[PDB]
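In the deposited numbering, the protein residues as written are 36 to 464. All C-beta atoms in this analysis are idealised placements derived from N, C-alpha and C, irrespective of residue type, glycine included.
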Ligand SMILES: [Zn+2]
Ligand SMILES: [Zn+2]
Ligand SMILES: [Zn+2]
Ligand SMILES: [Zn+2]
Ligand SMILES: [Zn+2]
Ligand SMILES: [Zn+2]
Ligand SMILES: [Zn+2]
Ligand SMILES: [Zn+2]
Ligand SMILES: [Zn+2]
């Protein structure tokens with residue numbers, strides 16, 4: 036814990052990655068807080084009728100005392116404070132760190148950047164609607180006391196701008212493809228993926244392209260099932276949260292526990308992506324692999340071991356994000372189409388595809404990219420972010436009720452939770 040050796044520095048660094056995943060009793064992006072982003076979306080449905088298993092998130096009804104709100108807040112800020120403390124301790128251990136000092140700093144900053152990024156996609160009105168919308172307190176000092184709980188919220192723009200600062204120097208980060216360490220520590224590719232996501236949320240299509248075009252060395256394997264079974268990564272995998280028998284999430288906190296038995300999450304086959312005929316083709320690899328009997332999503336179904344890794348960034352995302360950027364750029368349509376074709380062609384045979392990608396333009400092209408992203412990333416912690424960053428309504432047409440929540444509605448966002456309101460007297464200043 037005192038940084039007297041490299042192995043002690045690295046143990047604490049690995050604790051940063053654990054802190055954004057889950058603890059022994061609660062979960063963040065390795066469990067329920069990743070599931071939050073699918074529940075906010077419109078491609079799966081939550082039929083649990085149980086607030087303990089994210090029903091209020093799905094129904095766009097999260098209040099100041101909901102468990103998922105308190106937990107996301109508490110564990111994100113715990114992870115952030117661990118990074119702040121790590122960075123301060125590392126400053127006093129420069130010689131012990133030796134040539135690896137910069138990598139350790141830049142990795143720790145990536146973890147803080149990721150934590151803030153997820154908070155910025157729950158609490159504020161999106162930047163695309165209002166860049167001055169209040170988001171969350173920007174806590175950047177190592178704090179062992181309650182001395183500094185009082186702090187105003189920074190804006191959605193300010194949070195993004197700080198994230199960009201934490202990602203500004205990445206040249207000491209690793210660059211390995213298809214190794215445990217390359218997928219489970221932040222690489223330059225991982226940092227650039229986050230930078231791309233941030234710039235897209237700000238409509239900075241050119242800066243997003245520059246970041247995402249730096250992601251090199253990955254590919255799209257022909258088998259779409261590789262990343263959900265041993266060794267839980269492939270040549271497509273950029274960054275994931277790994278699991279081990281001794282650190283899996285507790286009861287009803289893992290991904291697999293939400294999908295495996297049909298009692299919580301199902302595929303929305305009435306109105307979501309897999310209700311659309313071009314995105315439910317019987318010979319699509321993703322439909323064959325993942326569209327289960329009784330509408331179970333078959334990506335994460337090992338609830339016995341819970342060992343499946345949580346995929347944060349993979350290369351199909353790089354391509355579809357780049358496709359979206361180029362579709363928003365004057366003269367970019369030909370490139371957008373070629374990028375879309377790479378991803379769709381991996382799963383859907385072009386010779387018999389009802390979608391003629393070469394003839395898409397304007398709105399039809401954008402919609403094809405949005406729909407491909409919906410099918411490719413069903414269940415992967417993304418859908419509710421794409422809806423929100425674009426300032427779109429969350430529209431969920433069910434048999435007996437329709438959810439329709441837009442940016443002028445209070446329930447578009449999560450409110451600052453009671454855990455914070457009790458301690459922070461400046462929260463509304
Ligand atoms: Zn010395
Ligand atoms: Zn240095
Ligand atoms: Zn900053
Ligand atoms: Zn390396
Ligand atoms: Zn590392
Ligand atoms: Zn069609
Ligand atoms: Zn192919
Ligand atoms: Zn209604
Ligand atoms: Zn509207």
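In this structure residue 361 is buried. Its beta-carbon is surrounded by 16 or more other beta-carbon atoms within 10 angstroms.
In this structure, DSSP gives residue 283 a state outside helix and strand, which the three-state scheme calls coil. Excluding its 5 nearest sequence neighbours in each direction, residue 432 has C-beta neighbours in its own chain below 6 Å: 306, listed in chain order.
For residue 173, the CB contacts under 7 Å within the same chain, skipping 5 residues up- and downstream, are 189, 193, 194 and 197 in chain order. At a threshold of 7 Å, residue 257 counts as near ligand 7, since its beta carbon sits closer than that to one of the ligand's heavy atoms. In terms of CA proximity to residue 143, 126 leads the group 154, 126, 130 and 131. Taken from the Cβ of residue 220, every heavy atom of ligand 3 lies 7 Å or farther away.
In terms of Cα proximity to residue 208, the closest of 343, 452, 99 and 135 is 135. Ligand 6 has no heavy atom closer than 7 Å to the beta-carbon of residue 354.
Rounded to whole angstroms, the gap between the alpha carbons of residue 104 and residue 119 is 22 Å. Boundaries for residue 302: no alpha helix (DSSP H) harbours it, while the beta strand (DSSP E) harbouring it runs 300–302, taken from the DSSP string. Here DSSP, grouped into helix, strand and coil, assigns residue 138 to helix. In the three-state reduction of the DSSP assignment, residue 311 falls in the coil class, being assigned neither a helical nor a strand state. CA-to-CA, the gap between residue 247 and residue 154 works out to about 22 Å. Residue 430 counts as exposed, since fewer than 16 other beta carbons sit within 10 angstroms of its beta carbon. As the crow flies, the alpha-carbon of residue 112 is around 8 Å from that of residue 150.
Note that the C-beta distance between residue 67 and residue 288 is below 8 Å. Nearest neighbour of residue 264 by Cα position, chosen from 84, 457, 293 and 334, turns out to be 334. If you look at residue 276, you'll find it isn't in any alpha helix (DSSP H); it sits in the beta strand (DSSP E) that goes 272–276. Contact between the segment 80–99 and the segment 441–450 is present: 3 or more CB-CB pairs across the two stretches fall below 8 Å. For residue 327, the shortest C-beta to heavy atom distance toward ligand 7 is 7 Å or greater. Positions of the alpha helix (DSSP H) runs, each at least 4 residues long and wholly inside the segment 201–248, are given as 215–219, 223–236 and 240–248 in order along the chain. Between residue 200 and residue 382, the alpha-carbon positions lie close to 37 Å from each other. Three or more Cβ pairs drawn from the segment 336–356 and the segment 252–260 lie within less than 8 Å of each other, which places the two stretches in contact. Residue 346: not part of any alpha helix (DSSP H); member of the beta strand (DSSP E) spanning 345–349, first to last residue.
In this structure, the alpha-carbon of residue 309 lies about 9 Å from that of residue 316. Residue 157 is classed as buried because its beta carbon has at least 16 other beta carbons within 10 Å across all chains shown. If the five residues before and after residue 109 are omitted, its C-beta is found closer than 7 Å to the C-beta atoms of 454, all from its own chain and listed in chain order. Within the same chain, and ignoring the five residues on either side of residue 48 in sequence, the residues whose Cβ sits closer than 8 Å to its Cβ are 121, 139, 142 and 143.
Within the DSSP secondary-structure output, residue 439 pairs in a beta bridge with 430.
Sequence-distant Cβ neighbours of residue 131 in its own chain, meaning closer than 7 Å and more than five residues away, are 38, 39, 40, 41 and 44.
Uninterrupted alpha helix (DSSP H) stretches at least 4 residues long and entirely within the segment 327–413 occur at 350–362, 368–382 and 397–411, given in chain order. In terms of CA proximity to residue 228, 274 leads the group 274, 129 and 401.
The beta carbon of residue 370 sits closer than 7 Å to those of 361, all from its chain and outside the five residues before and after it, given in chain order.
Collapsing the DSSP output to three states places residue 323 in a helix. In its chain, beyond the 5 residues on either side, 371, 374, 375 and 404 have a beta carbon closer than 7 Å to the beta carbon of residue 358.
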